[PDB]
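Shown next, in structure tokens, is the structure this report addresses.
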Amino acid sequence: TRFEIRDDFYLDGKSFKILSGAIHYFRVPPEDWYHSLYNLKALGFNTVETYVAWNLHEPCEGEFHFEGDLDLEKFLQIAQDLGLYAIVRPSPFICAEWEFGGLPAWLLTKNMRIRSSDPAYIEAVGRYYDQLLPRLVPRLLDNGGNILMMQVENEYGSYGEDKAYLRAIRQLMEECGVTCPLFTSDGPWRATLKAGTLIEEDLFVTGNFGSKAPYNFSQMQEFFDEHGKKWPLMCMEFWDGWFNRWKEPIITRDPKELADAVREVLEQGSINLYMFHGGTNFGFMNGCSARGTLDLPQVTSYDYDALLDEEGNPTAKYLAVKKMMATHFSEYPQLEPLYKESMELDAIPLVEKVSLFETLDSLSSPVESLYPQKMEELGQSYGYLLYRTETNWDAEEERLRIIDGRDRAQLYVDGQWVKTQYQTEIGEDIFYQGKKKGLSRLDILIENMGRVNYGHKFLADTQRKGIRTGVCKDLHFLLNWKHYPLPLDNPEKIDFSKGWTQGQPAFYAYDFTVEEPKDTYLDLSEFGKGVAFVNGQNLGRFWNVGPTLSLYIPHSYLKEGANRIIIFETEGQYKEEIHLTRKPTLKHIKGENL
Amino acid sequence: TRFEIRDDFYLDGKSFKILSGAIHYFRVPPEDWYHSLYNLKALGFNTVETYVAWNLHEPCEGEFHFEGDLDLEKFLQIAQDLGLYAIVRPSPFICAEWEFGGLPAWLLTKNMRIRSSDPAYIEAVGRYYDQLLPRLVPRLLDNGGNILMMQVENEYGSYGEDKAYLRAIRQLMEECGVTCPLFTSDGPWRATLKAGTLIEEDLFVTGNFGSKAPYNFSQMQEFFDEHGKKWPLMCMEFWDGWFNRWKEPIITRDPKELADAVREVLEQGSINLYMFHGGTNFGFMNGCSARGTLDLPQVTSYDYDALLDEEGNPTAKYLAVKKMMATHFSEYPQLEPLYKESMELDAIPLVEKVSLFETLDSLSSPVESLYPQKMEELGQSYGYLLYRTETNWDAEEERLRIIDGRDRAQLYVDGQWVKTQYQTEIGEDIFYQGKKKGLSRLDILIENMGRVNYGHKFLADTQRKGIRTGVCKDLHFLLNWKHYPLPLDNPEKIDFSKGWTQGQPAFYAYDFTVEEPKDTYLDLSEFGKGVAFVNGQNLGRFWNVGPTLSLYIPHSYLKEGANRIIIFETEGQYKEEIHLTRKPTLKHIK
């Protein structure tokens, strides 16, 4: 074989240092894959690394997608054409600050123990691998492609110690034809290294850390020595920045310090910068952190304070690493990096608007049942879900309670907003005065704000979204529900010919003309909460709590000539004009460091 | 027919006022059934009412028990012998401040929507009714028995509005040959009346309340008038006292005020006093309240501040009601009630003791699996559950977390206590410094402190006890578990020849001689928490937080001659002697 893991990495019989950067194909529009990969090569780096997101490729059971934004094969080809090698990390679980850590939400309805040696789960992964891996085998280095090696699971030592599970994934990958070296990655301390690895089965071990390479590599070396392994040192995720969460301040890391930290890694071994270019969590694909029982959703932008910013442009950090490489690793040739230009556009007028309630039938097919159903139970993975029932008021004032609902609920009676409850607020008493006679329409709009992507809440009860127990009026649970799943993947079905009323979730259309499409940012600082679309593509979520108050619009999302932005707003904000800016708008929050 | 509901209750063609009192056969030892029923008759009342507890009668699916302490037929016969009528409320769900509201815990292992029109659930109730109802049909008044009528579900308006569910229950009862009038009971306001009833299908409606009979009956009357029903008014649960919960003050109700309130009901209609005699939640059968997401376990004593106290003796409240009856309803003949005498026994010394860990193997059959299992999936309904694993320490200090466990957890490493966590404390960081080398034994003793018995938490995730997600060490879930179910229904398997170690859950035995068995109270003020047995019979739980600091011992639990009391105590707080007192020991609660 051309690439071997011995006492060192060897490529064609010569010692080889891997200089990799992470770029997730699914977080960068395909039109910009070349741009981002070029900038990685230009830095003097020789390898690109990416996760593969199961929940993108098998969004519904048995339905596979490998084209367009998800054309991993094309991404790898672009990398190969640029003379870059590839590391692929096709774990069913990728963590990755990504919805449910990459697991398809439909697994939550199955009789199985997710992320374990449970055969039912392993078999689902197998059926997925049957579609994914044969696309990658021809792209192994030994088959004329560029893939050096692939990862088994992902940071499993930060979740469990089921060795049968790791063995099963390794076995599946091998059976599917993956004949390149395999490896695991984990935190470089004893507990995670012991739990996450198959070192005693000679499966290569790499470490994830964000600083102190000498110390962290020493801990890995001790672990290798203890098991008598003579292996090269590699940091598979060198965390070069920080991700962001709603309501929390943006923290950045000094470019020079980071470049120095990277130098230390390279002085002893190999690296994969996480992230090289972070990009965007388009649509509803953001992940979520947890603290005890509390969920902390992560933001749309995956800028990450990476070497390339969300847009793909070199930052001061890129330049600092470039200078470090030029000095300490001059044997790796560099190129001038590529920049994209951005544009701005003022005073784009509102053209049409419609209340969600007035365009429901166009957007969603209602599911009726006696008892309320959860989101995944209804066959929905992402987005919003409207629960509707009709009820007689049995007293002047009555109490309503949403029992076991997540993540955020807005309650309306006869179209009138009554209450909004987020997370732990859900379940608190709600009081109202309904119709004197006949039935009042009770509407509850629920949002899935992102399933936790790691750790102890990974399989928490709250991971299943929507209303899990029921809605109480007085002391009894209400029955006869119409459910309107609102994945909002069908903006073309928004019927702007219908009515609009203030103080309801609504869609707002803004039309503008573009001569030459360029990168830009939609300013949502004056709106409340919701999502935005440009030319039918879901840009992701906005929320005026910040820290991010914009949504990035890649040039490739725009068209020459007529364009339309649609804003779905849930909090009642109303603006007759929007603006696009050359740079993102930020909310400054106490404790930040820009 | 002998009994019918028209514009009024008619018994053998004559208008009839039902004067009922609640006595639950399963809360009073069978030896004292006559005593309590006699005292009900003595008050001038004519009817006894009782729930039937499904979780007692079908403890394991397909396994039915109707003998001894559970001999409902005998209870009804004794009532008939005393000339009392009976109302039976055989709902699958009884609420009743009783474990899981009477539902068998094994239902939690089934794919079904409990307490709904789900056929899977209805079919389970049907199989239960196939065993229960044929035992009651021959005891219907028309068939020579004493049962006047029976309830369909129980306060369903305080839970749902599934009319198909109510219809199914009614249909099951009819199909089992129950031909007497059926009825529902609910709170006497519009929301609960509408939700919990089948008035439009002519199913009789009763109300539950604890005061303001005129106002509450007026709300029922309006509901009746609205639906064109000319029916008698009955309060099927007139709450005459208060139940108690650990760490909360005992509330009592003035005897005279209560008697006055009862009179108000009787001036307009019929009544069932809840409770007439409350008795005891023996063993692990207590219920649990909820406030928001928080569980509030109810105590062992179901004294309830009822007319008869836990022991079955008339109280000031009994006398006040008796006086009210003699004054305002003199047409009902009364009798002098019966009293039981109690005993005391000082300083009964500790005979022997043994740590739980040292007697595990005789007490429990372990179940081994890679991932930890919950209590019910292991086949256990009540008691304690020991989770055991072996693990080595990967740093001088490591963090442990119990993820999604209920209700109370005690953690030991190599036999040494590390931490106790109750309810919401479960999940908090636990830091430990363990064996420098090799595997340490990690033991986690979990207690099921009582499943919620009503309301929005009735089917909460927390109703399944044990550890639902896992135990984390550092960042990873630990695997390879030995589970020791500890229902503690086998005290005869406690091996006192085994070793005892301080600071561990342990069993303590106290031997004494009894001349003539009499009611008494076991003083547990100086023991931390646990349960107690007398002659192998589980008296229920104790907890030094109070308000109750004793366990009632019915005379029938004692034997002539040699007796043994075994205390299982989990906190490491015990006494080298015990006292049996004439009256219960109580603690004031802030």
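Residue numbers start at 1 in each chain; chains themselves are named A, B, ... in the order of the structure tokens; ligands are numbered from 1 in the order shown.
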Inset, instruction - Kindly determine which residues of chain A lie within 9 Å of chain B, considering only C-alpha atoms, and give the answer as a ChimeraX atom specification. - result: /A:156-162,189-192,194-196,292-293,370,393-395,403-404,427-428,455-457,459-461,469-470,472-479
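Neighbouring residues of residue 217 in chain A at 7 Å or closer, counting only C-alpha atoms and skipping chain neighbours under 4 positions away, are residues 213, 221 and 233 of chain A.
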Legend entry - Residue contacts of residue 380 in chain A (12 Å, only C-alpha atoms) excluding same-chain residues fewer than 6 positions away, as a PyMOL selection string: chain A and resi 59-61+104-109+364-365+367+373-374+386+447-448+464-466+483-489
How would the residues just chosen look if you wrote them out with N, CA, C and O atoms as a JSON list (two decimals), in the first residue's frame?
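Result went into result37.json, see below:
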```
[["chain", "number", "residue", "atom", "x", "y", "z"],
["A", 59, "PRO", "N", -32.06, 11.26, 5.35],
["A", 59, "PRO", "CA", -32.92, 12.17, 6.11],
["A", 59, "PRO", "C", -34.22, 11.49, 6.53],
["A", 59, "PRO", "O", -34.80, 11.86, 7.55],
["A", 60, "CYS", "N", -34.67, 10.52, 5.75],
["A", 60, "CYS", "CA", -35.78, 9.65, 6.13],
["A", 60, "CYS", "C", -35.32, 8.21, 5.88],
["A", 60, "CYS", "O", -34.53, 7.96, 4.98],
["A", 61, "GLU", "N", -35.79, 7.27, 6.69],
["A", 61, "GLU", "CA", -35.27, 5.91, 6.56],
["A", 61, "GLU", "C", -35.36, 5.43, 5.11],
["A", 61, "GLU", "O", -36.40, 5.58, 4.47],
["A", 104, "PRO", "N", -29.76, 10.45, 12.45],
["A", 104, "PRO", "CA", -31.08, 10.74, 11.92],
["A", 104, "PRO", "C", -32.11, 10.74, 13.04],
["A", 104, "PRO", "O", -32.09, 9.87, 13.91],
["A", 105, "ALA", "N", -33.01, 11.71, 13.01],
["A", 105, "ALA", "CA", -33.99, 11.86, 14.08],
["A", 105, "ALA", "C", -34.95, 10.69, 14.09],
["A", 105, "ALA", "O", -35.53, 10.36, 15.12],
["A", 106, "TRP", "N", -35.13, 10.05, 12.93],
["A", 106, "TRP", "CA", -36.08, 8.94, 12.86],
["A", 106, "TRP", "C", -35.64, 7.71, 13.66],
["A", 106, "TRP", "O", -36.44, 6.80, 13.88],
["A", 107, "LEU", "N", -34.39, 7.67, 14.10],
["A", 107, "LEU", "CA", -33.96, 6.59, 14.99],
["A", 107, "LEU", "C", -34.67, 6.68, 16.33],
["A", 107, "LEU", "O", -34.78, 5.69, 17.06],
["A", 108, "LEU", "N", -35.17, 7.86, 16.66],
["A", 108, "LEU", "CA", -35.79, 8.08, 17.96],
["A", 108, "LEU", "C", -37.13, 7.38, 18.09],
["A", 108, "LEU", "O", -37.68, 7.27, 19.19],
["A", 109, "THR", "N", -37.67, 6.90, 16.98],
["A", 109, "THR", "CA", -38.94, 6.18, 17.01],
["A", 109, "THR", "C", -38.73, 4.67, 17.00],
["A", 109, "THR", "O", -39.70, 3.91, 17.07],
["A", 364, "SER", "N", -48.64, 22.53, 4.81],
["A", 364, "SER", "CA", -48.60, 21.35, 5.66],
["A", 364, "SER", "C", -49.85, 20.48, 5.51],
["A", 364, "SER", "O", -50.96, 20.99, 5.38],
["A", 365, "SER", "N", -49.65, 19.17, 5.53],
["A", 365, "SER", "CA", -50.78, 18.24, 5.55],
["A", 365, "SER", "C", -51.00, 17.80, 6.99],
["A", 365, "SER", "O", -50.13, 17.18, 7.60],
["A", 367, "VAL", "N", -52.15, 15.98, 10.41],
["A", 367, "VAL", "CA", -52.33, 14.62, 10.88],
["A", 367, "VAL", "C", -53.24, 14.70, 12.09],
["A", 367, "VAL", "O", -52.96, 15.42, 13.04],
["A", 373, "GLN", "N", -49.30, 13.84, 19.38],
["A", 373, "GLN", "CA", -48.13, 13.09, 18.98],
["A", 373, "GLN", "C", -46.89, 13.97, 19.01],
["A", 373, "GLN", "O", -46.96, 15.18, 18.81],
["A", 374, "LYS", "N", -45.75, 13.32, 19.26],
["A", 374, "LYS", "CA", -44.46, 13.99, 19.23],
["A", 374, "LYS", "C", -43.98, 14.21, 17.80],
["A", 374, "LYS", "O", -44.52, 13.64, 16.85],
["A", 386, "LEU", "N", -47.20, 22.65, 14.49],
["A", 386, "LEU", "CA", -48.38, 23.29, 15.03],
["A", 386, "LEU", "C", -49.40, 22.26, 15.52],
["A", 386, "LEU", "O", -49.84, 21.39, 14.76],
["A", 447, "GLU", "N", -41.36, 24.69, 18.45],
["A", 447, "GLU", "CA", -40.14, 24.66, 17.65],
["A", 447, "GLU", "C", -39.16, 23.64, 18.22],
["A", 447, "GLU", "O", -39.00, 23.54, 19.43],
["A", 448, "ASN", "N", -38.52, 22.87, 17.33],
["A", 448, "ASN", "CA", -37.35, 22.06, 17.68],
["A", 448, "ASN", "C", -36.14, 22.95, 17.49],
["A", 448, "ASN", "O", -35.82, 23.31, 16.36],
["A", 464, "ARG", "N", -36.73, 14.01, 22.11],
["A", 464, "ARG", "CA", -37.92, 13.89, 21.28],
["A", 464, "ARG", "C", -38.74, 15.16, 21.46],
["A", 464, "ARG", "O", -39.14, 15.49, 22.58],
["A", 465, "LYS", "N", -38.96, 15.87, 20.37],
["A", 465, "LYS", "CA", -39.49, 17.22, 20.44],
["A", 465, "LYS", "C", -41.00, 17.24, 20.27],
["A", 465, "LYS", "O", -41.60, 16.24, 19.87],
["A", 466, "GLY", "N", -41.61, 18.37, 20.58],
["A", 466, "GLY", "CA", -43.06, 18.46, 20.57],
["A", 466, "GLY", "C", -43.60, 18.20, 21.96],
["A", 466, "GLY", "O", -42.88, 18.33, 22.95],
["A", 483, "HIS", "N", -52.36, 17.96, 13.81],
["A", 483, "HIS", "CA", -50.94, 18.31, 13.81],
["A", 483, "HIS", "C", -50.55, 18.79, 12.42],
["A", 483, "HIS", "O", -50.85, 18.12, 11.43],
["A", 484, "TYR", "N", -49.89, 19.94, 12.36],
["A", 484, "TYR", "CA", -49.36, 20.45, 11.09],
["A", 484, "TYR", "C", -47.85, 20.50, 11.19],
["A", 484, "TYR", "O", -47.29, 21.44, 11.75],
["A", 485, "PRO", "N", -47.18, 19.47, 10.65],
["A", 485, "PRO", "CA", -45.72, 19.51, 10.62],
["A", 485, "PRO", "C", -45.25, 20.64, 9.71],
["A", 485, "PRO", "O", -45.75, 20.80, 8.59],
["A", 486, "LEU", "N", -44.30, 21.42, 10.21],
["A", 486, "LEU", "CA", -43.81, 22.56, 9.45],
["A", 486, "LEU", "C", -42.29, 22.53, 9.34],
["A", 486, "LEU", "O", -41.61, 23.33, 9.96],
["A", 487, "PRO", "N", -41.77, 21.58, 8.55],
["A", 487, "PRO", "CA", -40.33, 21.51, 8.32],
["A", 487, "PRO", "C", -39.82, 22.73, 7.56],
["A", 487, "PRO", "O", -38.63, 23.01, 7.56],
["A", 488, "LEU", "N", -40.74, 23.46, 6.93],
["A", 488, "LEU", "CA", -40.40, 24.66, 6.17],
["A", 488, "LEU", "C", -39.28, 24.38, 5.17],
["A", 488, "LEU", "O", -38.35, 25.17, 5.03],
["A", 489, "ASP", "N", -39.38, 23.25, 4.48],
["A", 489, "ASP", "CA", -38.45, 22.95, 3.40],
["A", 489, "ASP", "C", -39.15, 23.24, 2.07],
["A", 489, "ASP", "O", -38.64, 22.90, 1.00]]
```
Legend entry - Residue with smallest distance to residue 577 in chain B - pool B:546, B:589, B:100, B:346, counting only C-alpha atoms: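 Under the stated criterion, the closest residue is B:346.
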Inset, instruction - Please identify all polymer residues within 8 Å of residue 421 in chain A, counting only C-alpha atoms, omitting same-chain residues fewer than 3 positions from it, and present them as a list in words. - result: residues 408, 409, 410, 424, 425 and 426 of chain A
Could you write those residues out with C-alpha atoms, as a tab-separated table (two decimals), in the first residue's frame?
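Written output follows (out_13.tsv):
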```
chain	number	residue	atom	x	y	z
A	408	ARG	CA	-40.29	26.42	22.66
A	409	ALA	CA	-44.05	26.90	22.63
A	410	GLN	CA	-46.31	29.74	21.53
A	424	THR	CA	-38.19	25.09	31.55
A	425	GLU	CA	-40.99	27.69	31.23
A	426	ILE	CA	-43.05	25.05	29.46
```
Inset, instruction - For residue 426 in chain B, please output as a VMD selection string all residues within 10 Å (counting only C-alpha atoms; exclusion window: fewer than 4 positions along the same chain). - result: chain B and resid 401 to 410 420 to 422 430 467
Would you mind exporting C-alpha atoms of the selected residues as a PDB file, in the first residue's frame?
```
ATOM      1  CA  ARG B 401     -22.930  11.242  37.869  1.00  0.00           C
ATOM      2  CA  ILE B 402     -26.158   9.264  38.035  1.00  0.00           C
ATOM      3  CA  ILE B 403     -28.108  10.192  34.905  1.00  0.00           C
ATOM      4  CA  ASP B 404     -31.906  10.042  35.122  1.00  0.00           C
ATOM      5  CA  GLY B 405     -32.366   8.057  38.347  1.00  0.00           C
ATOM      6  CA  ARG B 406     -35.327   7.975  40.762  1.00  0.00           C
ATOM      7  CA  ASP B 407     -36.205   8.220  43.509  1.00  0.00           C
ATOM      8  CA  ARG B 408     -33.281   8.164  45.933  1.00  0.00           C
ATOM      9  CA  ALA B 409     -29.757   6.878  45.421  1.00  0.00           C
ATOM     10  CA  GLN B 410     -26.959   5.937  47.812  1.00  0.00           C
ATOM     11  CA  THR B 420     -26.711  10.201  48.986  1.00  0.00           C
ATOM     12  CA  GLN B 421     -28.925  11.962  46.452  1.00  0.00           C
ATOM     13  CA  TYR B 422     -32.688  12.390  46.596  1.00  0.00           C
ATOM     14  CA  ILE B 430     -19.924  13.220  42.819  1.00  0.00           C
ATOM     15  CA  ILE B 467     -31.513   4.443  36.578  1.00  0.00           C
TER      16      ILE B 467
END
```
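Distances here use only C-alpha atoms; by that measure, the residue among B:142, B:245, B:84, B:96 closest to residue 12 in chain B is B:142.
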Inset, instruction - Tell me which of B:466, B:145, B:503, B:528 sits closest to residue 382 in chain B, counting only C-alpha atoms. - result: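 Looking only at the distances to residue 382 in chain B, the closest residue turns out to be B:466.
Going from CA of residue 154 in chain A to CA of residue 204 in chain A covers 13.0 Å.
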So that each row is one residue of range 440-505 of chain A with an atom at most 8 Å from range 271-288 of chain A, can you give its shortest atom pair and the distance in Å to one decimal, using only C-alpha atoms, rows by chain and rising number, as CSV?
```
residue,atom,partner,partner_atom,distance
A:449,CA,A:284,CA,7.6
A:450,CA,A:287,CA,5.3
A:451,CA,A:288,CA,5.8
A:452,CA,A:288,CA,4.4
A:453,CA,A:287,CA,5.7
```
Would you export the selected residues with C-alpha atoms as a PDB file, in the first residue's frame, please?
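Output contents, as saved in selection.pdb:
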```
ATOM      1  CA  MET A 449     -34.366  24.274  18.473  1.00  0.00           C
ATOM      2  CA  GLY A 450     -31.774  21.522  17.955  1.00  0.00           C
ATOM      3  CA  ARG A 451     -31.132  18.129  19.544  1.00  0.00           C
ATOM      4  CA  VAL A 452     -28.197  17.825  21.947  1.00  0.00           C
ATOM      5  CA  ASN A 453     -25.170  16.492  20.073  1.00  0.00           C
TER       6      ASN A 453
END
```
